[PDB]
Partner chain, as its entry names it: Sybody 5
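Before any questions on binding or motion, here is one chain by itself as structure tokens, the form solved without the partner chain.
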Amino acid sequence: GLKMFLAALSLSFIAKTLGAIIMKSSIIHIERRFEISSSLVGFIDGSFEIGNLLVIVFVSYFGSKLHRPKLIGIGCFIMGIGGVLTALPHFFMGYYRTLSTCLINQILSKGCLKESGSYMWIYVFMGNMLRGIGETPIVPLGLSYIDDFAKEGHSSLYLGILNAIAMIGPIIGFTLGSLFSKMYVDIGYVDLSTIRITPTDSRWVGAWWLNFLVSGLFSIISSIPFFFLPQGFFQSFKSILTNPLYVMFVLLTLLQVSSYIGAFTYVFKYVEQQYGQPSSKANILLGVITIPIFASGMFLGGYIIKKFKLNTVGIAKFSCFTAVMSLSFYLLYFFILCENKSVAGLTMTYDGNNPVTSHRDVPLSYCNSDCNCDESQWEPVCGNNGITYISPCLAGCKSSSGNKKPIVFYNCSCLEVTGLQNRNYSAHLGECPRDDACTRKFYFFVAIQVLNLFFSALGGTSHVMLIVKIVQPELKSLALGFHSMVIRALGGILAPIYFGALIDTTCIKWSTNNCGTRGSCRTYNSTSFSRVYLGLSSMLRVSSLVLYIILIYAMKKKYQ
């Protein structure tokens, strides 16, 4: 009889997952467009959790479940509104808007402060918090209703089946995300034949608002069927944290999730700054190749735990095994890397021959000297030598071909290598793409990501199964609830934040905002991005592994 409820919940789970990706696939765009640092784009990303942590508290004191289906419905409806709200800042903000050649010819010749636009991110941040306030009722209350209507061995298995179908969402999310990150932000408003920036450039902000509008409409449509369907605490918390093992595990999980959440939030920016790949490719490769294998990994983990008869002391050893395997593959990321992009004036002297300690305050070279011009304009042009430059004026170029589609500057004062004197010094817009070898290494990156995430998923269910055998039977609901709350809150709100702070400390060139304020990051120090990204994710992981080993030792003792 209750097939209706299951269908509806599946729609909702598909909707929930679609929502989460639409947020993490638009990070590279929202950040790029509202012009905020990586830290805030982490804050905005976390606000979703921030809302989740809010709704929890409000129900805990002065709230409770009542008529589950209508509640799930109002939750999904609020999630959809929130998606629509998050898309809304685009319709009342304005158009998302340097080719100046050398001006040796001419030499020695308030509103921005009051920029509400500067706190316009506060809109998206709110919308995401709405989404968080609305999503929370889905999972726990849906599982409660299931367990209310379930025969022997049904509610839990139902979680499994629903989780499987949910994996159809990330597939569409990334697929749609790959489609809308190729469409310029003002698509339909501006004639797309004049926009010079390309999807590979670092100023390209794709249609994120389409992502959010589609996610919101899907969420509302999935909220529709839920209507017309049905017709002390602290004391235990004390105990749950009194059990040393539980504490070890929650800490163990928190460490890994923070390594997962940071990596997910900034994987698109890492793909783009290390290898030359845009966001559209990354999105679709994660959606077509990685997600089916991730679902296969989750299924295989469940089956391995269900068939091989792995007990408590054994399930922990198996999950640790998955981790050693995942970490091994992750630690391989450090051998499939790529040299730094030589951005004259940022990683080297302007003459392109001497490398310097600081990106900041690099003295102008003869070539980039008399040509006085801005020093905060990121209009990158790469020359025949293959070294990126900052701006056509900072490269000392004199003449331009014109607004014709291929814009090739000439007579550039820099690029004064003596080996190409007979050759020209033309430099076309954009940065120059990385050598083929790096594009090749991108595929090793995708393969290592696939294998890592497969071995990660292999231990997915094991986490829930363990969090229930490490704790006394009468504390389970509270123990798993506190686990989920700690993981979501801490990992979700803090990890996108400090990962972005450290990625910020790796940034080389920032862009002026409306009124003289660090805006967004135009180019990064790839190698440092790695040591701060791949590095913080590895230590968090290694530390998780280290505690597991300790946990296994202890479990091997407690039961023996």
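Numbering follows the first chain given and starts at 1.
Separately, the form solved in complex with the partner chain exists; it is not shown, and the next lines address it.
Chemist: Can you pick out, from 228, 335, 233, 95, the residue that has a heavy atom within 4.5 Å of the partner chain in the deposited complex?
Modeler: By the 4.5 Å criterion, the partner-contacting residue is 95.
Chemist: Can you work out which of 90, 441, 182, 434 has a heavy atom no more than 4.5 Å from the partner chain in the deposited complex?
Modeler: In short, 90.
Chemist: Name the stretch: of 115-123, 359-367, 338-346, 421-429, exactly one has residues whose heavy atoms fall within 4.5 Å of the partner chain in the deposited complex.
Modeler: Selected range: 115-123.
Chemist: So, in the deposited complex, is residue 303 in contact with the partner chain at a 4.5 angstroms heavy atom limit?
Modeler: Although the partner chain is absent here, residue 303 would stay clear of it in the deposited complex, with no heavy atoms inside 4.5 Å.
Chemist: Since only the chain is shown here, I'm wondering whether residue 308 would be in contact with the partner chain in the deposited complex (any heavy atom pair within 4.5 Å).
Modeler: No, residue 308 stays farther than 4.5 Å from the partner chain in the deposited complex.
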